[PDB]
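Presented below is the structure to which this report refers.
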Amino acid sequence: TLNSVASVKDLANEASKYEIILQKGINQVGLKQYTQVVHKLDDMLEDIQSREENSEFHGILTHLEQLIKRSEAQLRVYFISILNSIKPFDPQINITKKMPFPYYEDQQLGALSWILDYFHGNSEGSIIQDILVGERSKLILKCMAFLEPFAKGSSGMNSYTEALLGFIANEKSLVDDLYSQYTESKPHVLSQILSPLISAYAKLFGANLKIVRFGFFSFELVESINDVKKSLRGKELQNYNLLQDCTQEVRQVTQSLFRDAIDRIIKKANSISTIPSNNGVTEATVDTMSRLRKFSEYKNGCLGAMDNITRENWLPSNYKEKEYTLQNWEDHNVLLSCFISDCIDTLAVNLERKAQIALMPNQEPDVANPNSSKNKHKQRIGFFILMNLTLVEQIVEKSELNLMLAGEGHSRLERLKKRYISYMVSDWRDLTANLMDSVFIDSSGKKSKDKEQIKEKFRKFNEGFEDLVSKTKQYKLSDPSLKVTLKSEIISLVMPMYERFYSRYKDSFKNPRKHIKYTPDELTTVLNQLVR
């Protein structure tokens, strides 16, 4: 009753009665009642120590001290037992079955909290906290152990991540459930439990990031680290430095993924020094589109990758403007479209460069220039590039690429095609220019009556016309829209001029039919047969 004035004999008797109660065990006594009895002993011990130094006094002091020690050890056993009521399990099952992870019942949470408070109340806060942390991190590590082995969208890194997100979320609920709302050590406790899990994640993450020797997997890894980082937002964490390192590293890889595609095209387009005799689709083109085709299957990744990765991050050091068809540069859609368009531009120009070197080994290539007089093979080179761009457009039209190029992209591709359509029409422009010049040079005084000089003008045109008709037959386009355009442009250039030329000089002869090989209608027939 009143410890300060009670005899050691009476206090001893009281302590003996408390030991009998405690001897029954926590469940029989009731947890709160049990800690209450230990408090009585603790307070009794304190009250009598604040008494003669004899064996009687020393005896009760030791008895109280040891009985308290044994009882508290039982509290720890009980604490650890409740924590281990949840056994390790394979998370993949819960995920597949769409069931929540196991969680302590409310009454168990109550008991856990009561014991934490008991020990925080008795200068053993760090001790019981280390036990809590130790038991939880061991359990979770065993669960994640089931996914560790197995770690598009087929990788085991996905599940491992999803599992980790559930554990991070559930440990947060646990700590919030176990302590008072503003308890200072909450973030620390959660950190100590989650950090080991993080280290384990970051290591496995580095493994895949190293196993990079196909490559688009990086997009799924970026998604992984992002999900983990956002789940850890607003949370104290000693390992956060690891995630950051992982982030900055995976970003180097995804960014290089784009720069690499460009360099890959430049290398492939220049690998084979010669051009196909039929001037058809090359493996560089086949490869380049398959690659872009795969890029388009990861719309989300590519777009996300567009954050802080300018156009100069994937283009060659001193790229040349004239070699591109580029005429908000912030959002990911415009940026990604530019990349695809830049890739197709690179393919076309590099195939052109190689073609020029192949047909004119000694000349410096002058690409993207339909008016190059130095380029004596524009018709063939134009055809060659268009045959490849034909496959390029087909693969765009049948994939996500079509939607990604929406607007700007398609217009750039049209600009690309017109350049090479222009290459094919260029030789015809020379023909008509030559004819026009011959007329001008001969029309400054009176109207010519020089029959010989006039026939010569028709003769030279006939030779130029026939030579071009012959060569044009060597290039057969497959795409109907390209053929229609080529047909329109050649006829539009040649016929109006020839009709005027023929009309201007036909009456220089008594019977034109005898000195002029083609009437406009005859010329028209030749051209129509050529264009068909």
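By convention in this document, the chains of the structure tokens carry letters A, B, ... by their order, each chain's residues are numbered from 1, and ligands are numbered from 1 in the order they are shown.
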Spatial neighbours of range 455-462 of chain A, max dist 8 Å, only C-alpha atoms, sep filter under 5 positions, as an mmCIF file with N, CA and C atoms, in the first residue's frame:
data_model
loop_
_atom_site.group_PDB
_atom_site.id
_atom_site.type_symbol
_atom_site.label_atom_id
_atom_site.label_comp_id
_atom_site.auth_asym_id
_atom_site.auth_seq_id
_atom_site.Cartn_x
_atom_site.Cartn_y
_atom_site.Cartn_z
ATOM 1 N N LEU A 431 16.826 20.302 -120.617
ATOM 2 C CA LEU A 431 16.385 20.144 -122.001
ATOM 3 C C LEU A 431 15.564 21.346 -122.472
ATOM 4 N N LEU A 435 16.476 24.540 -125.140
ATOM 5 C CA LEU A 435 15.605 24.871 -126.260
ATOM 6 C C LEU A 435 15.191 26.338 -126.198
ATOM 7 N N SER A 438 18.045 28.605 -127.219
ATOM 8 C CA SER A 438 18.328 28.607 -128.650
ATOM 9 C C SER A 438 17.361 29.541 -129.379
ATOM 10 N N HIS A 515 10.750 18.152 -142.413
ATOM 11 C CA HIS A 515 11.922 18.708 -141.747
ATOM 12 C C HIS A 515 11.823 18.743 -140.236
ATOM 13 N N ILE A 516 10.643 18.433 -139.724
ATOM 14 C CA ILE A 516 10.416 18.418 -138.290
ATOM 15 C C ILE A 516 9.921 17.026 -137.914
ATOM 16 N N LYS A 517 10.740 16.292 -137.170
ATOM 17 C CA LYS A 517 10.396 14.929 -136.775
ATOM 18 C C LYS A 517 9.081 14.760 -136.016
#
**Request:** Write out as an MDAnalysis selection string which residues come within 10 Å of range 331-346 of chain A when counting only C-alpha atoms, dropping same-chain ones fewer than 6 positions away.
**Result:** chainID A and resid 258:259 261:266 269 285 288:289 292 295:296 299 302:311 314:315 323:325 352 389 392:393 401 403:413 416
**Request:** Skip residue 85 in chain A itself and residues of its chain fewer than 4 positions away, then list as a count of residues only all residues within 10 Å of it, counting only C-alpha atoms.
**Result:** 6
Among range 214-454 of chain A, which residues carry a DSSP assignment of alpha helix (DSSP H), reported as a short mmCIF file (atom, residue, chain, number, x, y, z; two decimals) with N, CA and C atoms, in the first residue's frame?
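So states37.cif came out as:
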data_model
loop_
_atom_site.label_atom_id
_atom_site.label_comp_id
_atom_site.auth_asym_id
_atom_site.auth_seq_id
_atom_site.Cartn_x
_atom_site.Cartn_y
_atom_site.Cartn_z
N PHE A 217 14.27 -1.80 -73.20
CA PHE A 217 13.89 -2.20 -71.85
C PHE A 217 14.11 -1.03 -70.90
N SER A 218 15.03 -0.15 -71.28
CA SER A 218 15.35 1.02 -70.48
C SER A 218 14.09 1.86 -70.21
N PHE A 219 13.18 1.88 -71.18
CA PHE A 219 11.94 2.64 -71.01
C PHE A 219 11.14 2.09 -69.83
N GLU A 220 11.16 0.78 -69.65
CA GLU A 220 10.43 0.15 -68.56
C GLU A 220 11.16 0.33 -67.23
N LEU A 221 12.48 0.48 -67.29
CA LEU A 221 13.27 0.69 -66.09
C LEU A 221 13.05 2.12 -65.61
N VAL A 222 12.98 3.06 -66.54
CA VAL A 222 12.74 4.46 -66.19
C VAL A 222 11.42 4.54 -65.45
N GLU A 223 10.43 3.80 -65.93
CA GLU A 223 9.10 3.78 -65.32
C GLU A 223 9.17 3.20 -63.91
N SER A 224 10.02 2.19 -63.73
CA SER A 224 10.20 1.54 -62.44
C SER A 224 10.74 2.52 -61.41
N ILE A 225 11.92 3.08 -61.68
CA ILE A 225 12.54 4.02 -60.76
C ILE A 225 11.64 5.24 -60.50
N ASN A 226 10.86 5.65 -61.49
CA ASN A 226 9.96 6.78 -61.31
C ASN A 226 8.88 6.42 -60.29
N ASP A 227 8.27 5.25 -60.46
CA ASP A 227 7.23 4.80 -59.54
C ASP A 227 7.75 4.67 -58.10
N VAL A 228 8.97 4.17 -57.95
CA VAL A 228 9.54 4.01 -56.63
C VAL A 228 9.83 5.37 -56.01
N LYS A 229 10.42 6.27 -56.79
CA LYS A 229 10.73 7.60 -56.28
C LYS A 229 9.49 8.39 -55.85
N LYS A 230 8.41 8.30 -56.62
CA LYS A 230 7.21 9.03 -56.26
C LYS A 230 6.53 8.45 -55.02
N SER A 231 6.72 7.15 -54.79
CA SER A 231 6.12 6.51 -53.62
C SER A 231 6.90 6.89 -52.38
N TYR A 240 18.02 7.28 -50.38
CA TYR A 240 17.56 8.03 -51.54
C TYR A 240 18.67 8.33 -52.55
N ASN A 241 19.89 8.50 -52.05
CA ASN A 241 21.02 8.79 -52.92
C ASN A 241 21.19 7.72 -53.99
N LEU A 242 20.88 6.47 -53.64
CA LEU A 242 21.00 5.35 -54.58
C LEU A 242 20.04 5.48 -55.75
N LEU A 243 18.78 5.77 -55.46
CA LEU A 243 17.79 5.92 -56.51
C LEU A 243 18.26 7.00 -57.49
N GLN A 244 18.64 8.15 -56.95
CA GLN A 244 19.11 9.26 -57.76
C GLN A 244 20.22 8.80 -58.71
N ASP A 245 21.21 8.10 -58.18
CA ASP A 245 22.30 7.61 -59.02
C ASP A 245 21.69 6.76 -60.13
N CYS A 246 20.77 5.87 -59.76
CA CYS A 246 20.11 5.00 -60.73
C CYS A 246 19.37 5.81 -61.78
N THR A 247 18.70 6.87 -61.35
CA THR A 247 17.95 7.72 -62.27
C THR A 247 18.88 8.38 -63.28
N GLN A 248 19.91 9.07 -62.79
CA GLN A 248 20.86 9.76 -63.67
C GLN A 248 21.56 8.81 -64.63
N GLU A 249 21.66 7.54 -64.25
CA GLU A 249 22.33 6.56 -65.08
C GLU A 249 21.40 6.03 -66.18
N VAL A 250 20.19 5.62 -65.80
CA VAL A 250 19.24 5.10 -66.77
C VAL A 250 18.90 6.16 -67.82
N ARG A 251 18.92 7.43 -67.41
CA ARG A 251 18.63 8.52 -68.33
C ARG A 251 19.73 8.68 -69.38
N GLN A 252 20.96 8.35 -69.00
CA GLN A 252 22.08 8.44 -69.93
C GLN A 252 21.83 7.43 -71.04
N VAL A 253 21.38 6.25 -70.64
CA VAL A 253 21.11 5.16 -71.56
C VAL A 253 19.95 5.44 -72.51
N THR A 254 18.82 5.91 -71.98
CA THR A 254 17.67 6.18 -72.84
C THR A 254 17.99 7.33 -73.79
N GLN A 255 18.78 8.30 -73.33
CA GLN A 255 19.14 9.43 -74.17
C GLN A 255 20.08 8.98 -75.29
N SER A 256 20.97 8.05 -74.97
CA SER A 256 21.91 7.54 -75.96
C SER A 256 21.17 6.66 -76.96
N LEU A 257 20.02 6.15 -76.54
CA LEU A 257 19.22 5.29 -77.39
C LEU A 257 18.84 6.05 -78.67
N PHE A 258 18.54 7.33 -78.53
CA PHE A 258 18.16 8.17 -79.66
C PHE A 258 19.38 8.58 -80.49
N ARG A 259 20.40 9.10 -79.82
CA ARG A 259 21.61 9.51 -80.51
C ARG A 259 22.15 8.32 -81.31
N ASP A 260 22.07 7.14 -80.72
CA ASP A 260 22.55 5.92 -81.36
C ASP A 260 21.80 5.57 -82.64
N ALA A 261 20.48 5.78 -82.64
CA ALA A 261 19.66 5.49 -83.81
C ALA A 261 20.15 6.30 -85.00
N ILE A 262 20.47 7.56 -84.76
CA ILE A 262 20.95 8.44 -85.82
C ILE A 262 22.29 7.96 -86.36
N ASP A 263 23.23 7.68 -85.45
CA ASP A 263 24.56 7.21 -85.81
C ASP A 263 24.48 5.86 -86.51
N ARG A 264 23.52 5.05 -86.09
CA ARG A 264 23.31 3.74 -86.68
C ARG A 264 22.91 3.89 -88.15
N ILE A 265 22.04 4.85 -88.44
CA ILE A 265 21.59 5.10 -89.80
C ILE A 265 22.75 5.58 -90.69
N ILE A 266 23.53 6.53 -90.17
CA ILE A 266 24.68 7.06 -90.90
C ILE A 266 25.68 5.94 -91.23
N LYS A 267 25.84 4.99 -90.31
CA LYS A 267 26.77 3.88 -90.53
C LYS A 267 26.21 2.87 -91.51
N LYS A 268 24.96 2.48 -91.32
CA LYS A 268 24.32 1.52 -92.21
C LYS A 268 24.23 2.07 -93.64
N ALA A 269 23.79 3.31 -93.78
CA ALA A 269 23.65 3.91 -95.10
C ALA A 269 24.98 4.01 -95.85
N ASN A 270 26.09 4.06 -95.12
CA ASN A 270 27.40 4.16 -95.75
C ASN A 270 28.20 2.86 -95.77
N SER A 271 27.67 1.80 -95.16
CA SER A 271 28.36 0.52 -95.12
C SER A 271 28.65 -0.02 -96.53
N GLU A 283 19.20 -2.37 -97.44
CA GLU A 283 19.08 -2.93 -96.11
C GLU A 283 19.17 -1.82 -95.07
N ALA A 284 19.85 -0.72 -95.41
CA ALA A 284 19.97 0.40 -94.49
C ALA A 284 18.56 0.90 -94.21
N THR A 285 17.78 1.03 -95.27
CA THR A 285 16.40 1.50 -95.15
C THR A 285 15.55 0.50 -94.39
N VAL A 286 15.63 -0.77 -94.78
CA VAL A 286 14.87 -1.81 -94.10
C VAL A 286 15.18 -1.76 -92.60
N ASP A 287 16.46 -1.74 -92.25
CA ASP A 287 16.88 -1.70 -90.86
C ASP A 287 16.40 -0.45 -90.13
N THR A 288 16.60 0.70 -90.76
CA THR A 288 16.21 1.97 -90.15
C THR A 288 14.72 2.04 -89.80
N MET A 289 13.86 1.56 -90.69
CA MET A 289 12.43 1.61 -90.40
C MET A 289 12.00 0.59 -89.35
N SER A 290 12.62 -0.59 -89.37
CA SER A 290 12.30 -1.60 -88.38
C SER A 290 12.61 -0.99 -87.01
N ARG A 291 13.75 -0.33 -86.93
CA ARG A 291 14.19 0.32 -85.70
C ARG A 291 13.18 1.37 -85.25
N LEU A 292 12.81 2.27 -86.16
CA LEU A 292 11.84 3.31 -85.83
C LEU A 292 10.50 2.65 -85.49
N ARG A 293 10.23 1.53 -86.16
CA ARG A 293 9.00 0.77 -85.95
C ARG A 293 8.94 0.26 -84.52
N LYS A 294 10.10 -0.09 -83.97
CA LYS A 294 10.16 -0.60 -82.60
C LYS A 294 10.05 0.57 -81.63
N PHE A 295 10.65 1.70 -82.01
CA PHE A 295 10.61 2.91 -81.20
C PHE A 295 9.15 3.32 -80.99
N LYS A 299 5.55 4.25 -77.37
CA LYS A 299 5.14 5.64 -77.43
C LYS A 299 5.40 6.36 -76.10
N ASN A 300 4.88 5.81 -75.02
CA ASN A 300 5.04 6.40 -73.70
C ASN A 300 6.50 6.64 -73.32
N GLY A 301 7.33 5.62 -73.47
CA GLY A 301 8.74 5.76 -73.14
C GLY A 301 9.42 6.87 -73.93
N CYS A 302 9.30 6.82 -75.25
CA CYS A 302 9.91 7.83 -76.11
C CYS A 302 9.51 9.23 -75.68
N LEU A 303 8.20 9.45 -75.54
CA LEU A 303 7.69 10.75 -75.13
C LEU A 303 8.32 11.20 -73.82
N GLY A 304 8.25 10.34 -72.81
CA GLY A 304 8.83 10.68 -71.53
C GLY A 304 10.30 11.01 -71.67
N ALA A 305 10.97 10.27 -72.54
CA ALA A 305 12.39 10.46 -72.79
C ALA A 305 12.69 11.85 -73.36
N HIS A 332 6.75 17.13 -75.60
CA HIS A 332 7.33 15.88 -76.08
C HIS A 332 6.85 15.37 -77.43
N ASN A 333 5.66 15.78 -77.86
CA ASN A 333 5.13 15.32 -79.14
C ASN A 333 5.85 15.96 -80.32
N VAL A 334 6.11 17.26 -80.21
CA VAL A 334 6.80 17.99 -81.26
C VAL A 334 8.25 17.51 -81.32
N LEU A 335 8.85 17.35 -80.15
CA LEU A 335 10.22 16.90 -80.04
C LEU A 335 10.41 15.51 -80.64
N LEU A 336 9.54 14.58 -80.25
CA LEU A 336 9.61 13.21 -80.74
C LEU A 336 9.35 13.13 -82.25
N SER A 337 8.45 13.98 -82.75
CA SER A 337 8.15 13.99 -84.17
C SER A 337 9.39 14.43 -84.92
N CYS A 338 10.06 15.44 -84.38
CA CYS A 338 11.27 15.97 -85.00
C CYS A 338 12.31 14.86 -85.11
N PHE A 339 12.46 14.08 -84.04
CA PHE A 339 13.41 12.98 -84.03
C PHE A 339 13.15 11.99 -85.16
N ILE A 340 11.89 11.60 -85.33
CA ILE A 340 11.56 10.64 -86.38
C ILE A 340 11.86 11.26 -87.74
N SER A 341 11.45 12.51 -87.92
CA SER A 341 11.68 13.23 -89.17
C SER A 341 13.18 13.39 -89.41
N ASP A 342 13.93 13.64 -88.34
CA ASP A 342 15.38 13.79 -88.46
C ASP A 342 16.00 12.47 -88.91
N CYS A 343 15.47 11.37 -88.40
CA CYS A 343 15.96 10.04 -88.75
C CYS A 343 15.75 9.75 -90.24
N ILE A 344 14.57 10.07 -90.75
CA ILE A 344 14.26 9.84 -92.15
C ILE A 344 15.10 10.77 -93.03
N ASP A 345 15.33 11.99 -92.57
CA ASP A 345 16.16 12.93 -93.33
C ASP A 345 17.58 12.38 -93.42
N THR A 346 18.07 11.86 -92.30
CA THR A 346 19.42 11.32 -92.24
C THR A 346 19.58 10.13 -93.16
N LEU A 347 18.56 9.28 -93.21
CA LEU A 347 18.60 8.11 -94.09
C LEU A 347 18.68 8.53 -95.56
N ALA A 348 17.78 9.43 -95.96
CA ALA A 348 17.74 9.89 -97.34
C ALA A 348 19.04 10.56 -97.79
N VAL A 349 19.51 11.55 -97.03
CA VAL A 349 20.73 12.26 -97.39
C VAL A 349 21.97 11.36 -97.40
N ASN A 350 22.10 10.48 -96.42
CA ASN A 350 23.25 9.58 -96.38
C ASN A 350 23.21 8.56 -97.51
N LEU A 351 22.02 8.10 -97.88
CA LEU A 351 21.93 7.20 -99.01
C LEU A 351 22.32 8.00 -100.25
N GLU A 352 21.95 9.28 -100.28
CA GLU A 352 22.29 10.13 -101.43
C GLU A 352 23.79 10.35 -101.50
N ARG A 353 24.39 10.68 -100.36
CA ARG A 353 25.83 10.90 -100.29
C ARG A 353 26.58 9.67 -100.81
N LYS A 354 26.18 8.50 -100.34
CA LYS A 354 26.82 7.27 -100.78
C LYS A 354 26.63 7.04 -102.27
N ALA A 355 25.44 7.34 -102.77
CA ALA A 355 25.16 7.17 -104.19
C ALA A 355 26.06 8.10 -105.02
N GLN A 356 26.22 9.34 -104.58
CA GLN A 356 27.06 10.28 -105.31
C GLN A 356 28.52 9.81 -105.35
N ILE A 357 29.01 9.30 -104.23
CA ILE A 357 30.39 8.81 -104.14
C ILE A 357 30.55 7.56 -105.01
N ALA A 358 29.48 6.78 -105.11
CA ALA A 358 29.49 5.56 -105.90
C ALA A 358 29.51 5.86 -107.40
N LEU A 359 28.75 6.86 -107.84
CA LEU A 359 28.68 7.20 -109.26
C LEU A 359 29.73 8.21 -109.71
N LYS A 378 21.55 12.97 -111.38
CA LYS A 378 20.38 13.30 -110.57
C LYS A 378 19.15 12.45 -110.85
N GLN A 379 18.94 12.08 -112.10
CA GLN A 379 17.77 11.27 -112.43
C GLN A 379 17.80 9.93 -111.70
N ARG A 380 18.92 9.22 -111.81
CA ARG A 380 19.08 7.92 -111.15
C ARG A 380 19.11 8.01 -109.63
N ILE A 381 19.86 8.98 -109.10
CA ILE A 381 19.95 9.16 -107.66
C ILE A 381 18.56 9.53 -107.14
N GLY A 382 17.85 10.39 -107.88
CA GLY A 382 16.51 10.77 -107.45
C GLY A 382 15.61 9.55 -107.35
N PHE A 383 15.69 8.68 -108.35
CA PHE A 383 14.88 7.46 -108.40
C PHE A 383 15.25 6.55 -107.23
N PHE A 384 16.55 6.33 -107.04
CA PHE A 384 17.04 5.49 -105.95
C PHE A 384 16.50 5.95 -104.59
N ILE A 385 16.61 7.25 -104.29
CA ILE A 385 16.13 7.74 -103.00
C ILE A 385 14.61 7.56 -102.88
N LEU A 386 13.87 7.85 -103.94
CA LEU A 386 12.43 7.69 -103.90
C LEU A 386 12.01 6.23 -103.71
N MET A 387 12.74 5.29 -104.28
CA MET A 387 12.36 3.89 -104.10
C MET A 387 12.48 3.52 -102.63
N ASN A 388 13.47 4.09 -101.96
CA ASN A 388 13.65 3.81 -100.55
C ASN A 388 12.60 4.56 -99.73
N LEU A 389 12.37 5.83 -100.05
CA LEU A 389 11.36 6.59 -99.32
C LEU A 389 9.98 5.96 -99.47
N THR A 390 9.78 5.18 -100.53
CA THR A 390 8.50 4.52 -100.76
C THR A 390 8.25 3.52 -99.63
N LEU A 391 9.28 2.74 -99.28
CA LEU A 391 9.14 1.79 -98.19
C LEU A 391 9.01 2.59 -96.89
N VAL A 392 9.76 3.68 -96.78
CA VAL A 392 9.69 4.52 -95.58
C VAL A 392 8.25 4.97 -95.30
N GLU A 393 7.57 5.44 -96.33
CA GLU A 393 6.19 5.90 -96.18
C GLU A 393 5.20 4.77 -95.89
N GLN A 394 5.48 3.59 -96.44
CA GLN A 394 4.62 2.43 -96.23
C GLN A 394 4.68 1.97 -94.77
N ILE A 395 5.88 1.95 -94.21
CA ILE A 395 6.07 1.53 -92.83
C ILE A 395 5.55 2.56 -91.83
N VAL A 396 5.49 3.82 -92.26
CA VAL A 396 4.97 4.87 -91.40
C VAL A 396 3.44 4.74 -91.36
N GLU A 397 2.86 4.55 -92.54
CA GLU A 397 1.42 4.41 -92.71
C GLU A 397 0.80 3.21 -91.99
N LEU A 401 3.89 5.25 -86.04
CA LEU A 401 4.67 6.35 -86.61
C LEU A 401 3.76 7.35 -87.31
N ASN A 402 2.74 6.84 -88.00
CA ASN A 402 1.81 7.69 -88.73
C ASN A 402 1.19 8.76 -87.84
N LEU A 403 0.78 8.36 -86.63
CA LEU A 403 0.16 9.30 -85.70
C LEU A 403 1.17 10.21 -85.01
N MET A 404 2.40 9.73 -84.85
CA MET A 404 3.43 10.53 -84.19
C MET A 404 3.93 11.66 -85.09
N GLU A 408 3.40 18.37 -88.73
CA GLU A 408 4.76 18.74 -89.11
C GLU A 408 5.53 17.61 -89.79
N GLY A 409 5.53 16.43 -89.17
CA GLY A 409 6.25 15.29 -89.72
C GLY A 409 5.90 14.93 -91.15
N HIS A 410 4.62 14.69 -91.41
CA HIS A 410 4.20 14.34 -92.76
C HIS A 410 4.58 15.41 -93.77
N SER A 411 4.44 16.67 -93.38
CA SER A 411 4.79 17.76 -94.29
C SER A 411 6.29 17.74 -94.59
N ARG A 412 7.10 17.34 -93.61
CA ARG A 412 8.54 17.28 -93.83
C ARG A 412 8.84 16.13 -94.79
N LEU A 413 8.14 15.02 -94.61
CA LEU A 413 8.31 13.86 -95.48
C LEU A 413 7.89 14.21 -96.91
N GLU A 414 6.87 15.05 -97.04
CA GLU A 414 6.44 15.45 -98.38
C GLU A 414 7.53 16.33 -98.97
N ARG A 415 8.12 17.19 -98.15
CA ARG A 415 9.18 18.05 -98.63
C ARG A 415 10.36 17.20 -99.08
N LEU A 416 10.64 16.12 -98.35
CA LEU A 416 11.74 15.22 -98.70
C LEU A 416 11.50 14.60 -100.07
N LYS A 417 10.29 14.09 -100.29
CA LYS A 417 9.95 13.45 -101.55
C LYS A 417 9.99 14.41 -102.73
N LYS A 418 9.55 15.65 -102.51
CA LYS A 418 9.57 16.62 -103.60
C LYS A 418 10.99 16.93 -104.03
N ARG A 419 11.93 16.91 -103.08
CA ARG A 419 13.33 17.18 -103.40
C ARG A 419 13.82 16.17 -104.42
N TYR A 420 13.56 14.89 -104.16
CA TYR A 420 14.02 13.84 -105.07
C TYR A 420 13.14 13.69 -106.31
N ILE A 421 11.91 14.18 -106.24
CA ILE A 421 11.05 14.16 -107.42
C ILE A 421 11.75 15.20 -108.30
N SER A 422 12.15 16.30 -107.67
CA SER A 422 12.84 17.38 -108.37
C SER A 422 14.15 16.87 -109.01
N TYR A 423 14.87 15.98 -108.32
CA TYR A 423 16.09 15.41 -108.89
C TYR A 423 15.74 14.72 -110.22
N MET A 424 14.64 13.97 -110.24
CA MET A 424 14.23 13.25 -111.45
C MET A 424 13.73 14.15 -112.58
N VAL A 425 13.18 15.31 -112.23
CA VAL A 425 12.67 16.25 -113.22
C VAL A 425 13.76 17.20 -113.74
N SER A 426 14.84 17.33 -112.97
CA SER A 426 15.92 18.26 -113.31
C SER A 426 16.51 18.17 -114.70
N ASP A 427 16.79 16.95 -115.17
CA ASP A 427 17.36 16.77 -116.50
C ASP A 427 16.40 17.27 -117.57
N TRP A 428 15.10 17.15 -117.31
CA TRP A 428 14.12 17.62 -118.27
C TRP A 428 14.13 19.15 -118.29
N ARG A 429 14.41 19.77 -117.14
CA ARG A 429 14.46 21.23 -117.08
C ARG A 429 15.63 21.73 -117.94
N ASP A 430 16.74 21.00 -117.92
CA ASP A 430 17.91 21.38 -118.73
C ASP A 430 17.54 21.34 -120.22
N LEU A 431 16.83 20.30 -120.62
CA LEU A 431 16.39 20.14 -122.00
C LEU A 431 15.56 21.35 -122.47
N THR A 432 14.54 21.70 -121.70
CA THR A 432 13.69 22.82 -122.07
C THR A 432 14.42 24.16 -121.98
N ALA A 433 15.36 24.28 -121.03
CA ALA A 433 16.12 25.51 -120.90
C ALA A 433 17.01 25.68 -122.14
N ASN A 434 17.61 24.59 -122.59
CA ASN A 434 18.47 24.65 -123.77
C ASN A 434 17.68 25.09 -124.99
N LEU A 435 16.48 24.54 -125.14
CA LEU A 435 15.61 24.87 -126.26
C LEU A 435 15.19 26.34 -126.20
N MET A 436 14.81 26.80 -125.01
CA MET A 436 14.38 28.19 -124.84
C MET A 436 15.53 29.14 -125.19
N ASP A 437 16.73 28.81 -124.72
CA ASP A 437 17.90 29.64 -125.00
C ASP A 437 18.21 29.71 -126.50
N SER A 438 18.05 28.60 -127.22
CA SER A 438 18.33 28.61 -128.65
C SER A 438 17.36 29.54 -129.38
N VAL A 439 16.13 29.61 -128.89
CA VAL A 439 15.14 30.48 -129.50
C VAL A 439 15.44 31.95 -129.21
N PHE A 440 15.72 32.27 -127.95
CA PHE A 440 16.03 33.65 -127.58
C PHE A 440 17.22 34.19 -128.36
N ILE A 441 18.30 33.43 -128.38
CA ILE A 441 19.53 33.83 -129.07
C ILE A 441 19.30 34.10 -130.56
N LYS A 451 16.56 28.32 -143.03
CA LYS A 451 16.04 26.97 -142.92
C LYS A 451 17.01 26.01 -142.24
N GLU A 452 18.29 26.13 -142.58
CA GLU A 452 19.31 25.26 -142.01
C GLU A 452 19.50 25.42 -140.52
N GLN A 453 19.50 26.66 -140.04
CA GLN A 453 19.69 26.92 -138.61
C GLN A 453 18.45 26.50 -137.82
N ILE A 454 17.30 26.58 -138.46
CA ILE A 454 16.06 26.19 -137.81
C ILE A 454 15.97 24.67 -137.67
#
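The closest residue to residue 485 in chain A, picked from A:322, A:532, A:510, A:118 and counting only C-alpha atoms, is A:532.
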